[PDB]
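Structure data (mmCIF, N, CA and C atoms) from input-v8.cif:
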```cif
data_coords
#
loop_
_atom_site.label_atom_id
_atom_site.label_comp_id
_atom_site.auth_asym_id
_atom_site.auth_seq_id
_atom_site.Cartn_x
_atom_site.Cartn_y
_atom_site.Cartn_z
N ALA G 1208 14.60 -116.97 6.06
CA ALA G 1208 13.69 -117.49 5.05
C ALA G 1208 13.35 -118.93 5.40
N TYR G 1209 12.06 -119.24 5.39
CA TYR G 1209 11.56 -120.53 5.84
C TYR G 1209 11.13 -121.39 4.67
N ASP G 1210 11.65 -122.61 4.62
CA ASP G 1210 11.01 -123.65 3.84
C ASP G 1210 9.79 -124.20 4.55
N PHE G 1211 9.82 -124.20 5.88
CA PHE G 1211 8.77 -124.82 6.68
C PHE G 1211 8.78 -124.16 8.05
N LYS G 1212 7.86 -123.23 8.27
CA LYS G 1212 7.65 -122.68 9.60
C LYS G 1212 6.52 -123.45 10.25
N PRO G 1213 6.79 -124.26 11.28
CA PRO G 1213 5.91 -125.40 11.58
C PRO G 1213 4.56 -125.03 12.17
N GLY G 1214 4.40 -123.84 12.73
CA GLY G 1214 3.12 -123.47 13.29
C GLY G 1214 2.24 -122.70 12.33
N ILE G 1215 2.86 -122.04 11.37
CA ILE G 1215 2.17 -121.12 10.47
C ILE G 1215 1.77 -121.81 9.17
N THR G 1216 2.68 -122.58 8.58
CA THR G 1216 2.44 -123.12 7.25
C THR G 1216 1.44 -124.28 7.30
N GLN G 1217 0.99 -124.67 6.12
CA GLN G 1217 0.21 -125.89 6.06
C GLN G 1217 1.11 -127.08 5.77
N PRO G 1218 0.78 -128.27 6.28
CA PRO G 1218 1.67 -129.42 6.12
C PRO G 1218 1.67 -130.04 4.73
N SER G 1219 0.93 -129.48 3.77
CA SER G 1219 1.08 -129.90 2.39
C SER G 1219 2.43 -129.48 1.81
N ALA G 1220 3.05 -128.45 2.38
CA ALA G 1220 4.35 -127.98 1.92
C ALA G 1220 5.51 -128.63 2.65
N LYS G 1221 5.30 -129.80 3.26
CA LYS G 1221 6.40 -130.53 3.88
C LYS G 1221 7.26 -131.16 2.79
N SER G 1222 8.47 -130.63 2.61
CA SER G 1222 9.41 -131.20 1.65
C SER G 1222 10.25 -132.28 2.34
N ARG G 1223 9.57 -133.37 2.68
CA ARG G 1223 10.24 -134.50 3.32
C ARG G 1223 11.13 -135.22 2.31
N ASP G 1224 12.35 -135.55 2.74
CA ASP G 1224 13.40 -136.22 1.97
C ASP G 1224 13.88 -135.45 0.74
N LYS G 1225 13.39 -134.23 0.55
CA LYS G 1225 13.79 -133.38 -0.56
C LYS G 1225 14.26 -132.02 -0.07
N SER G 1226 14.22 -131.78 1.24
CA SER G 1226 14.61 -130.50 1.81
C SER G 1226 16.11 -130.25 1.75
N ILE G 1227 16.90 -131.22 1.32
CA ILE G 1227 18.30 -130.96 1.03
C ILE G 1227 18.44 -130.07 -0.20
N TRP G 1228 17.50 -130.16 -1.15
CA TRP G 1228 17.58 -129.38 -2.37
C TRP G 1228 16.32 -128.60 -2.70
N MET G 1229 15.17 -128.92 -2.11
CA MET G 1229 13.99 -128.10 -2.32
C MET G 1229 14.01 -126.86 -1.43
N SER G 1230 14.53 -126.99 -0.21
CA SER G 1230 14.66 -125.83 0.67
C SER G 1230 15.58 -124.73 0.16
N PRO G 1231 16.70 -124.98 -0.55
CA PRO G 1231 17.36 -123.85 -1.23
C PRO G 1231 16.52 -123.19 -2.30
N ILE G 1232 15.57 -123.89 -2.89
CA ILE G 1232 14.66 -123.23 -3.82
C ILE G 1232 13.59 -122.47 -3.06
N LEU G 1233 13.09 -123.05 -1.97
CA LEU G 1233 12.01 -122.42 -1.22
C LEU G 1233 12.49 -121.23 -0.40
N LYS G 1234 13.69 -121.32 0.18
CA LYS G 1234 14.22 -120.18 0.91
C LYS G 1234 14.57 -119.03 -0.02
N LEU G 1235 15.00 -119.33 -1.24
CA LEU G 1235 15.41 -118.25 -2.12
C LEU G 1235 14.21 -117.62 -2.82
N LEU G 1236 13.11 -118.36 -2.98
CA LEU G 1236 11.87 -117.73 -3.42
C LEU G 1236 11.25 -116.88 -2.32
N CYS G 1237 11.52 -117.22 -1.05
CA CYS G 1237 11.11 -116.36 0.05
C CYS G 1237 11.84 -115.02 -0.01
N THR G 1238 13.15 -115.06 -0.22
CA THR G 1238 13.91 -113.83 -0.35
C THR G 1238 13.69 -113.16 -1.69
N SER G 1239 13.14 -113.88 -2.67
CA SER G 1239 12.82 -113.27 -3.95
C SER G 1239 11.67 -112.29 -3.82
N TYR G 1240 10.81 -112.48 -2.83
CA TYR G 1240 9.68 -111.60 -2.59
C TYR G 1240 9.91 -110.65 -1.43
N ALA G 1241 10.78 -111.01 -0.49
CA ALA G 1241 11.10 -110.12 0.62
C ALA G 1241 11.84 -108.89 0.14
N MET G 1242 12.72 -109.05 -0.84
CA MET G 1242 13.49 -107.94 -1.35
C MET G 1242 12.73 -107.14 -2.39
N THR G 1243 11.55 -107.61 -2.79
CA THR G 1243 10.69 -106.91 -3.73
C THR G 1243 9.74 -105.96 -3.01
N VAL G 1244 9.22 -106.37 -1.86
CA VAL G 1244 8.40 -105.48 -1.05
C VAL G 1244 9.28 -104.38 -0.47
N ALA G 1245 8.80 -103.14 -0.55
CA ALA G 1245 9.51 -102.02 0.04
C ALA G 1245 9.44 -102.07 1.56
N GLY G 1246 10.00 -101.07 2.21
CA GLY G 1246 10.01 -101.04 3.64
C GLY G 1246 11.04 -102.00 4.20
N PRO G 1247 10.98 -102.27 5.50
CA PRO G 1247 11.98 -103.14 6.12
C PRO G 1247 11.83 -104.58 5.68
N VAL G 1248 12.93 -105.30 5.79
CA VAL G 1248 13.00 -106.68 5.33
C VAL G 1248 12.30 -107.56 6.35
N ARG G 1249 11.25 -108.24 5.93
CA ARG G 1249 10.43 -109.01 6.84
C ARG G 1249 10.84 -110.48 6.83
N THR G 1250 10.56 -111.15 7.94
CA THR G 1250 10.77 -112.59 8.04
C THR G 1250 9.82 -113.29 7.08
N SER G 1251 10.38 -114.01 6.12
CA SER G 1251 9.59 -114.61 5.05
C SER G 1251 9.30 -116.07 5.34
N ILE G 1252 8.04 -116.46 5.12
CA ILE G 1252 7.53 -117.77 5.50
C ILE G 1252 6.77 -118.33 4.31
N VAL G 1253 7.15 -119.53 3.86
CA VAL G 1253 6.30 -120.28 2.93
C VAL G 1253 5.01 -120.64 3.64
N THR G 1254 3.89 -120.18 3.08
CA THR G 1254 2.60 -120.50 3.68
C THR G 1254 2.10 -121.87 3.22
N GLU G 1255 1.98 -122.06 1.91
CA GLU G 1255 1.46 -123.31 1.39
C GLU G 1255 1.88 -123.47 -0.06
N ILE G 1256 1.81 -124.70 -0.53
CA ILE G 1256 1.95 -125.04 -1.94
C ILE G 1256 0.58 -125.54 -2.41
N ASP G 1257 0.20 -125.17 -3.63
CA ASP G 1257 -1.13 -125.53 -4.14
C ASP G 1257 -1.25 -127.03 -4.36
N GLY G 1258 -0.22 -127.65 -4.92
CA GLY G 1258 -0.07 -129.09 -4.86
C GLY G 1258 0.64 -129.49 -3.58
N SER G 1259 1.08 -130.73 -3.55
CA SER G 1259 1.95 -131.11 -2.45
C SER G 1259 3.35 -130.56 -2.71
N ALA G 1260 4.16 -130.53 -1.65
CA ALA G 1260 5.58 -130.30 -1.85
C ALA G 1260 6.22 -131.49 -2.55
N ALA G 1261 5.69 -132.69 -2.31
CA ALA G 1261 6.09 -133.85 -3.09
C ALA G 1261 5.65 -133.72 -4.54
N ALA G 1262 4.53 -133.04 -4.79
CA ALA G 1262 4.10 -132.80 -6.16
C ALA G 1262 5.01 -131.80 -6.85
N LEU G 1263 5.59 -130.87 -6.10
CA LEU G 1263 6.52 -129.92 -6.70
C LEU G 1263 7.91 -130.53 -6.85
N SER G 1264 8.32 -131.38 -5.91
CA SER G 1264 9.59 -132.09 -6.06
C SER G 1264 9.54 -133.09 -7.19
N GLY G 1265 8.35 -133.60 -7.51
CA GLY G 1265 8.20 -134.46 -8.66
C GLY G 1265 8.23 -133.66 -9.94
N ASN G 1266 7.60 -132.48 -9.94
CA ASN G 1266 7.47 -131.71 -11.17
C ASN G 1266 8.76 -130.99 -11.55
N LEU G 1267 9.56 -130.56 -10.57
CA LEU G 1267 10.88 -130.04 -10.92
C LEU G 1267 11.80 -131.16 -11.37
N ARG G 1268 11.58 -132.38 -10.86
CA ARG G 1268 12.31 -133.54 -11.33
C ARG G 1268 11.94 -133.88 -12.77
N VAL G 1269 10.70 -133.61 -13.17
CA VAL G 1269 10.32 -133.73 -14.57
C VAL G 1269 11.03 -132.65 -15.39
N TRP G 1270 11.15 -131.45 -14.84
CA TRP G 1270 11.83 -130.37 -15.55
C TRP G 1270 13.33 -130.62 -15.66
N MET G 1271 13.94 -131.16 -14.61
CA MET G 1271 15.37 -131.40 -14.65
C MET G 1271 15.74 -132.58 -15.54
N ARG G 1272 14.79 -133.46 -15.84
CA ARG G 1272 15.02 -134.46 -16.87
C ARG G 1272 14.94 -133.85 -18.26
N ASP G 1273 14.09 -132.84 -18.45
CA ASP G 1273 13.96 -132.21 -19.76
C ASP G 1273 15.17 -131.36 -20.10
N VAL G 1274 15.89 -130.87 -19.10
CA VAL G 1274 17.07 -130.07 -19.33
C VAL G 1274 18.32 -130.92 -19.18
N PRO N 151 -0.02 -137.14 0.25
CA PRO N 151 1.13 -137.20 -0.65
C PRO N 151 0.92 -138.22 -1.77
N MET N 152 1.94 -139.05 -2.02
CA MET N 152 1.78 -140.19 -2.91
C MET N 152 0.83 -141.22 -2.30
N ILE N 153 0.82 -141.33 -0.97
CA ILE N 153 -0.08 -142.25 -0.28
C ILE N 153 -1.52 -141.76 -0.35
N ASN N 154 -1.74 -140.46 -0.53
CA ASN N 154 -3.09 -139.95 -0.69
C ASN N 154 -3.65 -140.30 -2.06
N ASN N 155 -2.77 -140.47 -3.05
CA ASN N 155 -3.21 -140.84 -4.39
C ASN N 155 -3.73 -142.27 -4.42
N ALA N 156 -3.15 -143.16 -3.61
CA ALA N 156 -3.67 -144.51 -3.51
C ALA N 156 -4.98 -144.58 -2.74
N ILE N 157 -5.26 -143.57 -1.91
CA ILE N 157 -6.54 -143.52 -1.21
C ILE N 157 -7.67 -143.21 -2.18
N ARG N 158 -7.53 -142.13 -2.95
CA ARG N 158 -8.60 -141.73 -3.86
C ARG N 158 -8.70 -142.65 -5.06
N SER N 159 -7.64 -143.37 -5.40
CA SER N 159 -7.74 -144.38 -6.45
C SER N 159 -8.25 -145.71 -5.92
N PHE N 160 -8.50 -145.81 -4.62
CA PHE N 160 -9.20 -146.94 -4.02
C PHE N 160 -10.67 -146.67 -3.81
N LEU N 161 -11.02 -145.49 -3.31
CA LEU N 161 -12.42 -145.19 -3.02
C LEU N 161 -13.22 -144.98 -4.29
N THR N 162 -12.62 -144.37 -5.31
CA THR N 162 -13.31 -144.23 -6.58
C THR N 162 -13.38 -145.56 -7.31
N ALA N 163 -12.32 -146.36 -7.25
CA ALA N 163 -12.34 -147.67 -7.87
C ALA N 163 -13.21 -148.67 -7.11
N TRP N 164 -13.61 -148.35 -5.89
CA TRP N 164 -14.62 -149.16 -5.23
C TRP N 164 -16.02 -148.64 -5.49
N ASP N 165 -16.18 -147.32 -5.60
CA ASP N 165 -17.50 -146.76 -5.85
C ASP N 165 -17.93 -146.98 -7.30
N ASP N 166 -16.98 -147.00 -8.24
CA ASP N 166 -17.32 -147.29 -9.63
C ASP N 166 -17.78 -148.73 -9.82
N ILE N 167 -17.31 -149.64 -8.97
CA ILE N 167 -17.89 -150.97 -8.93
C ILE N 167 -19.27 -150.92 -8.27
N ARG N 168 -19.44 -150.04 -7.28
CA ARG N 168 -20.71 -149.96 -6.57
C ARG N 168 -21.80 -149.34 -7.43
N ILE N 169 -21.47 -148.31 -8.21
CA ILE N 169 -22.49 -147.67 -9.03
C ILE N 169 -22.82 -148.48 -10.28
N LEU N 170 -21.98 -149.46 -10.64
CA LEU N 170 -22.29 -150.36 -11.75
C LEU N 170 -23.10 -151.51 -11.17
N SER N 171 -24.37 -151.21 -10.88
CA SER N 171 -25.26 -152.12 -10.18
C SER N 171 -26.68 -151.63 -10.36
N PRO N 172 -27.67 -152.52 -10.37
CA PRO N 172 -29.06 -152.08 -10.34
C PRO N 172 -29.40 -151.42 -9.01
N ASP N 173 -30.29 -150.44 -9.07
CA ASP N 173 -30.72 -149.75 -7.86
C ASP N 173 -31.64 -150.67 -7.06
N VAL N 174 -31.27 -150.90 -5.80
CA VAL N 174 -32.08 -151.71 -4.91
C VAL N 174 -33.08 -150.82 -4.18
N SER N 175 -34.34 -151.23 -4.18
CA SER N 175 -35.42 -150.47 -3.56
C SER N 175 -36.56 -151.44 -3.26
N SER N 176 -37.69 -150.89 -2.81
CA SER N 176 -38.87 -151.71 -2.58
C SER N 176 -39.54 -152.12 -3.89
N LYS N 177 -39.21 -151.46 -5.00
CA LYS N 177 -39.77 -151.83 -6.29
C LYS N 177 -39.24 -153.17 -6.76
N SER N 178 -38.00 -153.51 -6.40
CA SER N 178 -37.43 -154.80 -6.77
C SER N 178 -38.08 -155.95 -6.03
N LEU N 179 -38.69 -155.69 -4.88
CA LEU N 179 -39.43 -156.74 -4.18
C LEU N 179 -40.73 -157.06 -4.90
N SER N 180 -41.44 -156.03 -5.35
CA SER N 180 -42.65 -156.25 -6.14
C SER N 180 -42.31 -156.77 -7.53
N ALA N 181 -41.15 -156.39 -8.06
CA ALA N 181 -40.74 -156.89 -9.37
C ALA N 181 -40.38 -158.37 -9.31
N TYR N 182 -39.79 -158.81 -8.21
CA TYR N 182 -39.49 -160.23 -8.07
C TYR N 182 -40.73 -161.03 -7.72
N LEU N 183 -41.65 -160.45 -6.95
CA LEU N 183 -42.85 -161.18 -6.56
C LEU N 183 -43.81 -161.32 -7.74
N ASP N 184 -43.78 -160.37 -8.68
CA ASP N 184 -44.62 -160.45 -9.87
C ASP N 184 -44.18 -161.57 -10.80
N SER N 185 -42.92 -162.00 -10.71
CA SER N 185 -42.45 -163.13 -11.50
C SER N 185 -43.12 -164.43 -11.07
N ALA N 186 -43.52 -164.53 -9.80
CA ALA N 186 -44.20 -165.70 -9.28
C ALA N 186 -45.72 -165.58 -9.33
N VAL N 187 -46.25 -164.73 -10.20
CA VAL N 187 -47.69 -164.52 -10.33
C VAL N 187 -48.24 -165.17 -11.59
N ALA N 188 -47.61 -164.93 -12.74
CA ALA N 188 -48.15 -165.39 -14.01
C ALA N 188 -48.05 -166.90 -14.16
N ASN N 189 -47.10 -167.53 -13.48
CA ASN N 189 -46.95 -168.98 -13.52
C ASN N 189 -47.78 -169.67 -12.44
N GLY N 190 -49.07 -169.34 -12.39
CA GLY N 190 -49.96 -169.90 -11.41
C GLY N 190 -51.11 -170.64 -12.05
N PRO N 191 -51.34 -171.87 -11.63
CA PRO N 191 -52.43 -172.66 -12.22
C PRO N 191 -53.78 -172.21 -11.69
N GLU N 192 -54.78 -172.24 -12.56
CA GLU N 192 -56.14 -172.03 -12.09
C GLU N 192 -56.65 -173.33 -11.48
N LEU N 193 -57.08 -173.25 -10.22
CA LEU N 193 -57.67 -174.40 -9.56
C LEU N 193 -59.15 -174.21 -9.28
N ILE N 194 -59.63 -172.98 -9.34
CA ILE N 194 -61.01 -172.69 -8.98
C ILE N 194 -61.82 -172.38 -10.23
N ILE N 195 -62.40 -173.41 -10.83
CA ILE N 195 -63.34 -173.26 -11.93
C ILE N 195 -64.67 -173.82 -11.48
#
```

Turn this file's structure into structure tokens for me.
Amino acid sequence: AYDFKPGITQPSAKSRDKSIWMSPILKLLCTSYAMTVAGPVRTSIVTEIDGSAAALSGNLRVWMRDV
Amino acid sequence: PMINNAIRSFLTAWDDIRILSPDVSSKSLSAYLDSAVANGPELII
């Protein structure tokens, strides 16, 4: 499961300085969909994030303050 | 990233100063030259 497959993904999903804890979220969302598709288990790759990965690391940080 | 936010908050904050301006064209040359028309003495009577 890839947080960042460097040739395939877009560089908006670079979780720089947050890949210590964003990559366990990104790798497990990769396996969250790999085990949902039938057939053989495929190599899962994060393609892109609609915001930045910094925008998602900021927004989960907003969520973790609320909890 | 965060550095991209300072880019678009610079270009828009420069263009908003730019669009808060009168439109410059060839009409402003005739508009300024017309100001020097009515203040003219008659010398030929």

Q. Residues picked by the PyMOL selection byres ((chain G) within 8 of (chain N)) here, as a ChimeraX atom specification?
A. /G:1219,1259-1262

Selection above as a file: N, CA and C atoms, as a compact mmCIF listing (two decimals), in the coordinates of the input:
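Okay, this is what ended up in part.txt:
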```
# COMPACT_ATOMS: atom_id res chain seq x y z
N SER G 1219 0.93 -129.48 3.77
CA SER G 1219 1.08 -129.90 2.39
C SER G 1219 2.43 -129.48 1.81
N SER G 1259 1.08 -130.73 -3.55
CA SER G 1259 1.95 -131.11 -2.45
C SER G 1259 3.35 -130.56 -2.71
N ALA G 1260 4.16 -130.53 -1.65
CA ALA G 1260 5.58 -130.30 -1.85
C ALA G 1260 6.22 -131.49 -2.55
N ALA G 1261 5.69 -132.69 -2.31
CA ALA G 1261 6.09 -133.85 -3.09
C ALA G 1261 5.65 -133.72 -4.54
N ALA G 1262 4.53 -133.04 -4.79
CA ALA G 1262 4.10 -132.80 -6.16
C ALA G 1262 5.01 -131.80 -6.85
```

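A straight line drawn from atom N of residue 173 in chain N to atom N of residue 156 in chain N is 28.6 Å long.
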
Q: For range 1234-1236 of chain G, work out the shell of residues within 6.5 Å, counting all atoms listed in the file and skipping chain neighbours fewer than 4 positions away, then give it as a ChimeraX atom specification.
A: /G:1208-1210,1229-1230,1240-1241

Q: Report the distance between CA of residue 1211 in chain G and CA of residue 1226 in chain G in Å, rounded to one decimal place.
A: 9.5 Å

Q. To one decimal place, how far is CA of residue 1271 in chain G from CA of residue 1258 in chain G in Å?
A.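 Result for CA of residue 1271 in chain G versus CA of residue 1258 in chain G: 18.4 Å, one decimal.
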
Q: Please identify all polymer residues lying at most 8 Å from the point (1.2, -120.5, 1.8) (file coordinates), using only N, CA and C atoms, and present the result as a PyMOL selection string.
A: chain G and resi 1215-1217+1252-1257

Q: Using DSSP on the backbone coordinates, identify all residues within chain N classified as helix (DSSP H, G or I); present the result as a list in words.
A: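 In chain N, DSSP puts these residues in helix (DSSP H, G or I): residues 152, 153, 154, 155, 156, 157, 158, 159, 160, 161, 162, 163, 164, 165, 166, 167, 168, 169, 177, 178, 179, 180, 181, 182, 183, 184 and 185 of chain N.
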